[PDB]
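Asker: My questions all concern the structure below.
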Amino acid sequence: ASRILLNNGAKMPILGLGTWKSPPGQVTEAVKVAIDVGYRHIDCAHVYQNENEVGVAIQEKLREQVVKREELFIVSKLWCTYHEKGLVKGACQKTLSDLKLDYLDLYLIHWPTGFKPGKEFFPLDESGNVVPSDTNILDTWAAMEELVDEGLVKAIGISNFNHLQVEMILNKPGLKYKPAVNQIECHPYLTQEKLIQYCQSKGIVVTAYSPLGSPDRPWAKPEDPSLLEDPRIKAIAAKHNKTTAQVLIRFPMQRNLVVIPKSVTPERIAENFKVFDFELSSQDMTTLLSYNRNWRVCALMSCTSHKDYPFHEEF
Ligand SMILES: NC(=O)c1ccc[n+]([C@@H]2O[C@H](COP(=O)([O-])OP(=O)(O)OC[C@H]3O[C@@H](n4cnc5c(N)ncnc54)[C@H](OP(=O)(O)O)[C@@H]3O)[C@@H](O)[C@H]2O)c1
Ligand SMILES: O=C1NC(=O)[C@@]2(CCOc3ccc(F)cc32)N1
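Going letter by letter, the sequence shown gives residues 1 to 315 in the deposited numbering.
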C-alpha cells in the first residue's frame, strides 16, 4: 500500500520528501519536481529556515491543479524554543503562514527538550550549555492538543522521543489525543527494533528519518560508516536491479514505517520514488537489520545535560 492509517483516522503516505539542509534557493524546484513525479508527503520544520520556499512550491502545484490539498500530507515540527504553552499556537501559525496552508496534516514536537524562548534556536549560557525551559513536555502536549481542537492541524505527534518519554505522554493525566507518529532516526546502522516495536504496539506510526545516513550532515567525518557505500548493501541492491538508495528506502517501508529521504537533485528525487515495484526478501530484511551498530547521525550532542535528553536510555 502507498499510505498507512493513523490513529486519527487519516491516511499518511509512507514515502515523503525530506527538506532538512535543502537550500532555500533549490528547495522550491525540489518540491515542485517531487510533486510532479508522485510525492504527496513533504516533511518540514521551522528550524530548517526554508518553509517559505517549500510553501511556494506547494502553492504553485495546488494553483496548477497538479494536486489537490486533500491529496497532500504536509508535516512540520514545533522547535525547542517554543515549548511554552503560550508560544505553541504562534509557532504553528508562523509555519502555516510560511507554507501558505490553512492546516497541517501532522505537527510534531521536534525534540522532547524545551529551550529558553528567544531569537536563538540554541540559546547558550556563557559556558556553552544550552539553556533549558522549565515547561514539561506534558504541558507542551496539551498545547499541541489545542491545535487539533482549533483546526490548525489534523494530527499531532512527537519526534526523537525515547520509550520512557513516549510512555509519559501515553500516561498523561487527562490525555485527549494520543500521538499519531513518532519520527525517529532509523537505518541499517540504527535499526531501533525496541522503540519501533513499542510504538507500533501502541498504534503509533513510526517515521524513519536519515534513511540514507544523511551523507550531507554538517558534522560528517571520514572514519564514519557510510550506508550508501556499504558493499554489502550495494550487493543486495545489485541483486534486485535497484540502487543502494532504493534499497535503503524500501527497507523501512517493509517494516511498516513511513520514510522521508531528502534530496534536492531532480534525478534522485525521481529515483527515490521508484520503490513500489520490488520486494526485499525476509532474508534481505534480516540481513539489513544485522548491520545495526547503534550509530546515530543526530545525537543532539550539545544537549546531553538537558533533563529530557532522549538518548541516555537504551531505547
Ligand atoms: N525529526 C528530526 O529530528 C529529523 C532529523 C533529521 C532528519 N529529519 C528529516 O529526515 C529527512 C531525511 O534525513 P536527512 O536529510 O538527514 O538525510 P537522508 O535523507 O538520509 O540523506 C540526504 C542526503 O542523501 C543524498 N541523496 C538523496 N538521494 C540520493 C540518492 N538516490 N543517491 C545518492 N545520494 C542521495 C542527498 O543529496 P542531494 O540532496 O544533494 O541529492 C543528501 O546529501 C530530513 O531532510 C528531514 O526532513 C528529521
Ligand atoms: O531535521 C533535523 N531536525 C533536527 O533537529 C536537526 C538535527 C539536530 O539539530 C538540528 C539543528 C538545526 C537544524 F536546522 C536541524 C537540526 N535536523
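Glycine is no exception: its CB is placed at the ideal position from the N, C-alpha and C atoms.
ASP43 bridges to which residues according to DSSP?
Answerer: Sequence index remark: in the sequence shown, residue 43 carries index 43 (1-based). Its beta-bridge partners are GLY18, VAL75.
Asker: Can you tell me whether DSSP reads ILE204 as helix, strand or coil?
Answerer: Working through the sequence shown from its first residue, we reach residue 204 at position 204. Here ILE204 sits in coil by DSSP.
Asker: Which same chain residues, not among the five before or five after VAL54, have their C-beta less than 7 Å away from its C-beta?
Answerer: As a first step, residue 54 must be located in the sequence shown, where it is residue number 54. The residues are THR19, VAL27, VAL31, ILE42, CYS44, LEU99.
Asker: Would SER214 pass as a contact of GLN183 if the rule is Cβ separation under 8 Å?
Answerer: The residue given as residue 214 occupies position 214 in the sequence shown. The residue given as residue 183 occupies position 183 in the sequence shown. No; because the gap between Cβ atoms is not below 8 Å, this pair is not in contact.
Asker: Hey, could you find the ends of the beta strand (DSSP E) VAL181 is sitting in?
Answerer: As a position in the sequence shown, residue 181 is number 181, starting the count at 1. Where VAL181 is concerned, the enclosing beta strand (DSSP E) stretches over 181-185.
Asker: In this structure, how does DSSP classify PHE273 when only helix, strand and coil are distinguished?
Answerer: Stepping through the sequence shown from its first residue, residue 273 is reached at position 273. Correct three-state label for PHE273: helix.
Asker: Alpha carbon to alpha carbon, how far is residue 340 from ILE236?
Answerer: Summary: the structure shown does not reach residue 340, with the chain confined to residues 1 through 315, and so no result is reported for it.
Asker: Name the DSSP beta bridge partners of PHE115, please?
Answerer: Numbered from 1 along the sequence shown, position 115 holds the residue referred to as residue 115. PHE115 is bridged to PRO132.
Asker: Closer than 7 Å from C-beta to any heavy atom of ligand 2: which residues, in chain order?
Answerer: Going by the Cβ distance cut-off, the answer is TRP20, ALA45, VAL47, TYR48, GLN49, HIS110, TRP111, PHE121, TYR209, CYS298, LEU300.
Asker: Quick test of your reading: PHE276 and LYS242, contact by CB under 8 Å. State the CB separation rounded to the nearest angstrom.
Answerer: In the sequence shown, counting from the first residue as 1, residue 276 sits at position 276. In the sequence shown, counting from the first residue as 1, residue 242 sits at position 242. Actually they are not in contact, since the Cβ atoms of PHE276 and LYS242 sit about 12 Å apart, beyond 8 Å.
Asker: Mind checking whether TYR309 and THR113 have CB atoms under 8 Å apart?
Answerer: In the sequence shown, counting from the first residue as 1, residue 309 sits at position 309. In the sequence shown, counting from the first residue as 1, residue 113 sits at position 113. Yes, the pair counts as a contact, with Cβ atoms nearer than the cut-off.
Asker: Compare the Cα-Cα distances from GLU70 to each of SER281, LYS154, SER97 and report the closest residue.
Answerer: Taking the first residue of the sequence shown as position 1, residue 70 is located at position 70. Per the Cα distances, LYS154.
Asker: Given that a residue counts as buried once 16 or more other Cβ atoms are within 10 Å of its Cβ, and exposed if not, what is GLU185?
Answerer: The residue you call residue 185 lines up with position 185 of the sequence shown. Buried is the call here.
Asker: What three-state label does DSSP hand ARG63 in the structure shown?
Answerer: For the purposes of this step, residue 63 is identified with residue 63 of the sequence shown, where counting begins at 1. Reduced to three states, the DSSP call for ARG63 is helix.
Asker: Less than 7 Å between C-beta atoms, sequence neighbours within five positions excluded: which residues of the same chain meet that for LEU62?
Answerer: Here residue 62 refers to the residue found at position 62 of the sequence shown. Contacts found: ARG69.
Asker: Distance check for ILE260 and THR287, CA to CA, integer angstroms please.
Answerer: Position 287 of the sequence shown holds residue 287. Position 260 of the sequence shown holds residue 260. Near 22 Å, if we compare the C-alpha coordinates of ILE260 and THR287.
Asker: Per DSSP, which residues does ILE156 bridge with? Please list them.
Answerer: As a position in the sequence shown, residue 156 is number 156, starting the count at 1. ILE156 pairs with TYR107.
Asker: Of all the alpha helix (DSSP H) runs that stay within the bounds of the segment 271-307, which reach a length of 4 or more residues?
Answerer: Runs of the alpha helix (DSSP H) inside the segment 271-307: 282-290.
Asker: Terminal residues of the continuous alpha helix (DSSP H) containing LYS262?
Answerer: In the sequence shown, residue 262 corresponds to position 262, counting from 1. Looking at the DSSP string, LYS262 is not in any alpha helix (DSSP H), and its letter there is neither H nor E.
Asker: Does the segment 101-111 come close enough to the segment 184-198 to have 3 or more Cβ pairs within less than 8 Å?
Answerer: The segment 101-111 vs the segment 184-198: no contact.
Asker: Checking 8 Å against the spacing of the C-beta atoms, do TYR107 and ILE137 come in under that value?
Answerer: Counting from 1 along the sequence shown, the entry for residue 107 is found at position 107. Counting from 1 along the sequence shown, the entry for residue 137 is found at position 137. It is not a contact, given that the beta carbons lie outside the stated cut-off.
Asker: In three-state DSSP terms, what is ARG255?
Answerer: Taking the first residue of the sequence shown as position 1, residue 255 is located at position 255. Looking at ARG255 - three-state DSSP - the assignment turns out to be coil, as it is neither helix nor strand.
Asker: Mind checking which residues open and close the beta strand (DSSP E) that includes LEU5?
Answerer: Walking along the sequence shown from the start, residue 5 turns up at place 5. It spans 3-5 - the beta strand (DSSP E) in which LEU5 sits, taken as one unbroken run.
Asker: Does any heavy atom of ligand 1 sit closer than 7 Å to the C-beta of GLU271?
Answerer: Counting from 1 along the sequence shown, the entry for residue 271 is found at position 271. Within the cutoff, so yes.
Asker: Please state whether DSSP places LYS234 in a helix, a strand or coil.
Answerer: Numbered from its first residue, the sequence shown carries residue 234 at position 234. Three-state DSSP puts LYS234 in a helix.
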